[PDB]
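The next block holds one structure in the form of structure tokens; read it before the comments.
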Amino acid sequence: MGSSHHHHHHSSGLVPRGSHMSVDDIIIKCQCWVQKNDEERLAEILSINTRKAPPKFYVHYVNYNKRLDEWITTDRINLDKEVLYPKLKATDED
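For the sequence shown, the entry's author numbering begins at -4 and goes up steadily by one.
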């Protein structure tokens, strides 16, 4: 087994350079679980946009208002579970 060894802060990175999960496993009217930092929510996929990088998808909540129904990226939408990847340390200065 393993232990919690992925507790880093001030992490950088915009586009997911080669992620474990992809949109290939995402269809229309599909259920997508939203994993919050310290919370847990659920949303649905209505549409999918492949113009930006990474691509964005249209999220929609059930039994809720429309104000919540908006479009977001994959950074907030996880296919299955959080993907753990290797990372190195960098030096900075003022």
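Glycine included, every Cβ here is placed at the ideal spot set by N, Cα and C.
| Asked | Found |
| --- | --- |
| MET16 and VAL78: beta carbons closer than 8 Å? | yes |
| Pull up the DSSP beta-bridge partners for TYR53, would you. | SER42 and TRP66 |
| Which whole-angstrom value is the C-beta distance of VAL10 and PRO50, which I expect to be below 8 Å? | Incorrect: roughly 10 Å between the Cβ atoms, too far for contact. |
| Would you call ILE72 buried or exposed, if buried means 16 or more other Cβ atoms sit within 10 Å of its Cβ? | buried |
| In chain order, what residues of the same chain have a beta carbon less than 6 Å from the beta carbon of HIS55, not counting five sequence neighbours either side? | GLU39, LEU41 and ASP64 |
| Ordered along the chain, which non-local residues of its own chain (more than five positions away) have a Cβ less than 6 Å from that of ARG36? | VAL29 |
| Which same chain residues end up closer than 7 Å to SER14 when comparing Cβ atoms and leaving out the 5 residues on each side of it in sequence? | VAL78 |
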